[PDB]
Amino acid sequence: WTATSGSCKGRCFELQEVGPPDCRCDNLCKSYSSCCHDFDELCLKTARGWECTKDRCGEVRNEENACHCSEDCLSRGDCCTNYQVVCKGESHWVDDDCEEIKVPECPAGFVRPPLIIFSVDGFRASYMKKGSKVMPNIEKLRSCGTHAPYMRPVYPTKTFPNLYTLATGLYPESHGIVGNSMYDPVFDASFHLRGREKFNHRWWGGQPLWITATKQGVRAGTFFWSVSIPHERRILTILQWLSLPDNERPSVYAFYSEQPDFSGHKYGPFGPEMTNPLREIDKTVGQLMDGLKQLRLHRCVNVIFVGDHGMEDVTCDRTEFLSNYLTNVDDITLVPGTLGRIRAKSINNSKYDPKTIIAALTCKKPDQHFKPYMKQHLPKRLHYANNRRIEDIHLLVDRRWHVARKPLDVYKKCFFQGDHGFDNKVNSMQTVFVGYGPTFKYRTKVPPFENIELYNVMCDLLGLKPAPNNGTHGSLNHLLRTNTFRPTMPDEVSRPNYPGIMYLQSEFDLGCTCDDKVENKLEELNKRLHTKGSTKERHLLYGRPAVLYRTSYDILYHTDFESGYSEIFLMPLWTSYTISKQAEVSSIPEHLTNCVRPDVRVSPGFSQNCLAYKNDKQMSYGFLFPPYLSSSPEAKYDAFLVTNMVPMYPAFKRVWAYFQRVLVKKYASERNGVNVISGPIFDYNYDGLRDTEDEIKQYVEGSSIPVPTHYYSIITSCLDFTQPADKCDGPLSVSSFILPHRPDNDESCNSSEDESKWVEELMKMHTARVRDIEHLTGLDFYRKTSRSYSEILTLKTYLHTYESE
Ligand SMILES: *[C@@H]1O[C@H](CO)[C@@H](O[C@@H]2O[C@H](CO)[C@@H](O[C@@H]3O[C@H](CO[C@H]4O[C@H](CO)[C@@H](O)[C@H](O[C@H]5O[C@H](CO)[C@@H](O)[C@H](O)[C@@H]5O[C@H]5O[C@H](CO)[C@@H](O)[C@H](O)[C@@H]5O)[C@@H]4O)[C@@H](O)[C@H](O[C@H]4O[C@H](CO)[C@@H](O)[C@H](O)[C@@H]4O[C@H]4O[C@H](CO)[C@@H](O)[C@H](O)[C@@H]4O)[C@@H]3O)[C@H](O)[C@H]2NC(C)=O)[C@H](O)[C@H]1NC(C)=O
Ligand SMILES: Cc1cc(OCc2cc[nH]n2)c(C(C)(C)C)cc1Cl
Ligand SMILES: [Ca+2]
Ligand SMILES: [Ca+2]
Ligand SMILES: [Cl-]
Ligand code: NA
Ligand code: NA
Ligand SMILES: [Zn+2]
């Protein structure tokens with residue numbers, strides 16, 4: 001019940017909210033049917049429109065008008081944004097030359113530059129270049145401020161997941177808004193775009209910027225705008241708030257536009273009808289900037305121009321139908337569209353089997369435009385698994401396509417020409433970032449970054465301490481003129497042991513064999529020095545990784561590679577080696593095919609054993625440093641040490657062997673040497689974080705050898721590729737991956753073919769940031785470089801996407 005007979009007189013767009021049944025004048029009242037009777041009249045005035053005209057100059061105030069042109073309007077803070085231009089011979093902001101904003105130039109009483117987040121729905125990254133002729137205000141912001149060529153959204157590339165990630169710095173799996181439609185089995189409630197349940201507060205986790213601000217003494221304007229409030233009114237309201245007294249004035253504001261997304265759906269990303277929405281957005285920016293200039297705030301306010309996602313060409317005829325694959329189609333609930341999420345129609349149905357669903361949807365048609373996954377097998381870079389609102393079965397849909405349950409769903413709902421929601425690596429899903437103001441840099445381009453990073457920056461712009469989030473604080477320091485955050489490297493928790501030769505061959509009863517007893521004082525001192533770490537500066541280019549949890553491990557040195565060997569997990573946490581441009585691939589010689597050698601530095605009791613692999617009919621083994629890349633026949637023996645062995649399914653060995661035999665050398669040729677760090681990852685509870693030993697769900701049969709869920713590699717070289725990887729003066733270049741350790745290649749539809757036709761494609765799909773690998777291993781890389789720490793942070797958040805420009 002609303003007692004809508006109270007009043008909005010003087011309370012229009014109240015910042016604080018009144019408890020029902022006192023009626024509301026806040027934005028958001030419209031959505032709840034709770035506005036006071038006089039809301040529209042007092043708060044949504046429209047009389048005479050949005051602009052001053054020559055005749056209105058100096059007029060007598062009329063409180064009915066949408067905005068004002070009377071002499072008193074500036075100190076009332078309610079002039080039309082074009083007031084000075086029309087009535088005082090001022091120029092539009094867009095017509096003024098830009099000038100560096102070296103310091104904030106703010107009116108007395110501002111304690112800090114305000115921040116205005118100007119968010120535009122569906123604003124695809126390429127609109128900045130393609131629409132440049134019709135967006136002169138945005139183009140001035142972009143060229144004069146700090147801009148990236150694009151900003152990476154989170155998956156799924158829908159509206160509320162992205163806007164809420166901007167607000168919190170969290171992956172959707174952690175903030176809880178994991179899609180535009182959701183079922184939460186603990187609440188037993190649903191969340192939809194239409195309607196009221198989405199306004200319930202239990203959907204929304206983490207801590208959004210407006211709460212972070214309020215808790216720390218900074219006042220905030222409201223972020224959500226009801227669809228029936230026109231854009232001009234949203235701007236004028238922000239401008240009114242900026243005129244409040246110092247004790248009441250917010251420091252952070254958001255504007256939101258439903259365009260260009262709304263038109264994008266109807267006409268496609270580049271439909272001729274798209275020019276007009278872009279013009280109108282640009283005009284709104286012009287209104288904000290003219291309004292700020294009138295208030296003398298145009299060299300004081302920091303403005304962020306940001307989209308939530310891009311937009312792709314999608315039509316009704318590009319729909320895959322689950323009814324073409326499944327016979328049981330009525331026993332399932334599909335969340336449909338540009339992604340698929342499948343669960344059982346009914347929890348009473350014990351017949352329903354996810355396994356047979358997956359199999360019925362896997363590689364069934366030659367050009368199949370979606371791929372089914374258990375959520376835990378989705379590429380780790382999507383961070384899309386650790387939430388009860390995400391169904392166990394997921395369909396990743398090809399760009400340009402839709403998935404639906406039955407044809408009747410599509411034509412009983414062709415309407416639309418655009419949609420979004422696909423994989424957040426897809427070029428058409430990329431959106432925009434521009435930062436303009438005293439705290440941002442002047443005329444500076446920065447590389448593309450992920451929207452999860454912005455919360456930290458907005459906290460920095462406001463002098464706030466950010467709530468714990470998924471950004472890497474400091475990785476965006478290069479956007480800022482000042483207010484940078486100067487982070488420190490995390491401290492190592494566990495220091496390594498450096499074992500020497502402590503065990504005799506015969507102490508080992510591991511069931512391992514090697515043809516190797518083939519027997520000089522020159523190269524006897526030689527081999528000892530290698531084992532003591534003589535070549536380490538060649539293979540450990542950026543220092544050893546720090547272990548940031550409590551554990552027991554040993555550093556092991558070798559001619560061709562260095563490793564940090566875990567006595568708890570009985571394998572390396574990491575293995576580091578450099579392959580120069582000149583290096584040679586050799587094969588495993590015949591007399592060494594099944595050779596596994598005891599490591600006399602490491603106790604039999606902290607070693608793997610060959611018998612377990614023989615007994616495990618499902619499990620084979622591979623090597624972290626590849627024998628193929630050994631520097632000499634004698635160094636090759638080191639590669640067969642039991643301490644270099646890891647559990648691998650035969651199907652995964654096809655992948656791994658091609659990466660090590662073919663791809664590493666290819667990358668070294670193309671990149672002028674590479675440094676490689678490889679190792680295992682254990683993420684049995686799919687939370688994106690390193691498992692403790694007691695979380696491991698699978699061991700090599702009859703042993704305590706734990707089975708990794710993934711294998712990673714970090715491949716580093718010189719950004720200036722005229723310098724070899726091991727002699728690099730300046731910035732680094734990196735690409736990484738986190739490959740799922742799977743007993744089959746069902747993910748790769750073309751896997752019956754030669755690895756040269758599918759392996760690299762699989763690796764690209766599972767591209768990763770170094771930071772993703774850090775979360776998953778509890779390791780911290782690049783500790784010893786000649787680069788600044790913020791630069792290394794930026795490097796660790798880099799994602800090689802394998803999309804064209
Ligand atoms: C991205 O950044 C985020 C933010 O930093 C990282 O997420 C954090 O990770 C931590 C580790 O998983 C996690 O810490 C846990 O907190 C538990 C208390 O949680 C509540 O309080 C916090 C703080 O205010 C709050 O934010 C939480 O909100 C979550 O839950 C509600 C739903 O209930 C949601 O509305 C909200 O969106 C959010 O959900 C997300 O997180 C939870 C996990 O907490 C997931 O389940 C959801 O799917 C969703 O993703 C909570 O309200 C605390 O209870 C935990 O402590 C247990 O575990 C430790 C391990 O040290 C153990 O020692 C403790 O004793 C305790 O164990 C006991 O409970 C066990 C489990 O019930 C039980 O099995 C044992 O037997 C024990 O008795 C734990 O410390 C932190 O909450 C989240 N924060 C957020 C916001 O998600 C995230 O990891 C980053 N991602 C990556 C890839 O890096
Ligand atoms: C910039 C911005 C805008 C925004 O909402 C705008 C909006 C959407 C529909 N109507 N109004 C949100 C929430 C949606 C979280 C409230 C966050 C952020 Cl970070
Ligand atoms: Ca959107
Ligand atoms: Ca885990
Ligand atoms: Cl969705
Ligand atoms: Na085996
Ligand atoms: Na296959
Ligand atoms: Zn949309």
Side-chain angles (χ1 to χ4, degrees), residues 27-28 30-31 115-124 153-170 172 175-183 190-193 198-199 201 203-213 220-229 231 234 237-238 252-269 277 303-312 314 334-342 384 389-391 394-395 397 402-403 416-422 428-429 431 433 451-452 454-455 457-459:
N27 181 10
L28 257 192
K30 280 298 205 206
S31 315
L115 170 66
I116 296 176
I117 304 156
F118 190 113
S119 64
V120 280
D121 201 316
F123 200 108
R124 194 177 155 150
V154 289
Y155 187 77
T157 51
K158 313 286 215 170
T159 297
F160 289 122
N162 277 277
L163 290 178
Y164 205 52
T165 282
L166 285 173
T168 53
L170 300 162
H175 65 52
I177 311 311
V178 307
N180 268 350
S181 154
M182 313 183 271
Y183 175 72
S190 297
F191 173 111
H192 305 278
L193 289 193
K198 82 163 182 295
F199 290 106
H201 279 206
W203 296 103
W204 308 83
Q207 178 190 93
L209 182 66
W210 57 89
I211 299 303
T212 306
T222 52
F223 280 46
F224 188 88
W225 292 99
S226 298
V227 70
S228 69
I229 302 164
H231 294 186
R234 300 177 189 192
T237 300
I238 282 161
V252 59
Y253 304 87
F255 170 87
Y256 169 78
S257 158
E258 300 80 5
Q259 289 289 26
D261 172 90
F262 179 75
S263 285
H265 280 286
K266 299 152 85 321
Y267 307 115
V303 181
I304 289 178
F305 187 85
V306 63
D308 56 343
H309 50 75
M311 180 75 64
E312 171 64 273
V314 186
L334 174 73
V335 179
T338 53
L339 43 147
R341 311 211 300 282
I342 298 175
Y384 195 70
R389 302 161 185 174
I390 304 162
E391 283 75 9
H394 196 81
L395 312 187
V397 173
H402 269 167
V403 65
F416 57 92
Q417 299 181 256
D419 207 355
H420 49 89
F422 306 98
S428 60
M429 299 301 96
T431 186
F433 170 81
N451 75 350
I452 63 164
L454 271 184
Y455 174 79
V457 170
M458 298 184 301
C459 289

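Start at 1 and go down the list; that is how both ligands and their atoms are numbered. What's counted below: heavy atoms across the whole structure, side chains too, no hydrogens, waters or symmetry copies. FYI, the numbering just counts along the sequence from 1.
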task: Any chance you could lay out the side-chain contact (heavy atoms from CB on, under 4.5 Å) test for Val335 and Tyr183, step after step, and finish with the verdict?
output: CA-CA 10 Å; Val335 179; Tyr183 175 72; over 6 Å; no
task: Might you work through the side-chain contact (heavy atoms from CB on, under 4.5 Å) test for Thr237 and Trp225, ending with a clear yes or no?
output: CA-CA 11 Å; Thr237 300; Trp225 292 99; 3.9 Å; yes
message: Hydrogens and angles aside, do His420 and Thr338 bring a side-chain donor and acceptor to less than 3.5 Å of each other?
response: no
- prompt: Any N/O of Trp225 closer than 3.5 Å to an N/O of ligand 2?
  reply: yes
statement: Sorted by chain and number, sequence neighbours left out, side-chain hydrogen bond (donor to acceptor under 3.5 Å, both in side chains) with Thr159 holds for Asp121, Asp308, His309
- prompt: Which class fits the ring pair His402 and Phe416: parallel under 30°, tilted 30 to 60°, perpendicular over 60°?
  reply: tilted
query: If you count the non-hydrogen atoms of other residues, nucleotides and ligands that lie under 6.0 Å from CZ in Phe224, is the total more than 12?
result: yes
- request: With 2.8 Å as the limit, jot down which protein N, O or S atoms are around the Zn ion (ligand 8).
  value: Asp261 OD1, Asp261 OD2, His265 NE2, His420 NE2
- request: Select the closest option to atom 4 (C) of ligand 2 among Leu193, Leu166, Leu163, judged by heavy-atom distance.
  value: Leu163
- request: Using a strict 4.0 Å cut-off to heavy atoms of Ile117, name the atoms of ligand 2 that fall inside it.
  value: 1 (C)
statement: of all protein heavy atoms, closest to atom 9 (C) of ligand 2 is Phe224 CE1, 3.4 Å
- request: Determine, step by step, whether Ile177 and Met182 satisfy the side-chain contact (heavy atoms from CB on, under 4.5 Å) criterion, reporting the C-alpha distance in whole Å, the side-chain angles of both residues, the deciding distance to 0.1 Å, and the verdict.
  value: CA-CA 8 Å; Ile177 311 311; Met182 313 183 271; 3.9 Å; yes
task: Please work out which of the three classes, parallel, tilted or perpendicular, describes the rings of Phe305 and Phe123, given edges at 30° and 60°.
output: perpendicular
- line: One finds that the ligand 2 atoms under 4.0 Å from a non-hydrogen atom of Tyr164 are 15 (C)
- prompt: Do the ring planes of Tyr155 and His394 sit parallel (below 30°), tilted (30 to 60°) or perpendicular (above 60°)?
  reply: perpendicular
task: Between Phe160, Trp210, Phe223, flag the one that comes closest to atom 14 (C) of ligand 2 by a heavy atom.
output: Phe160
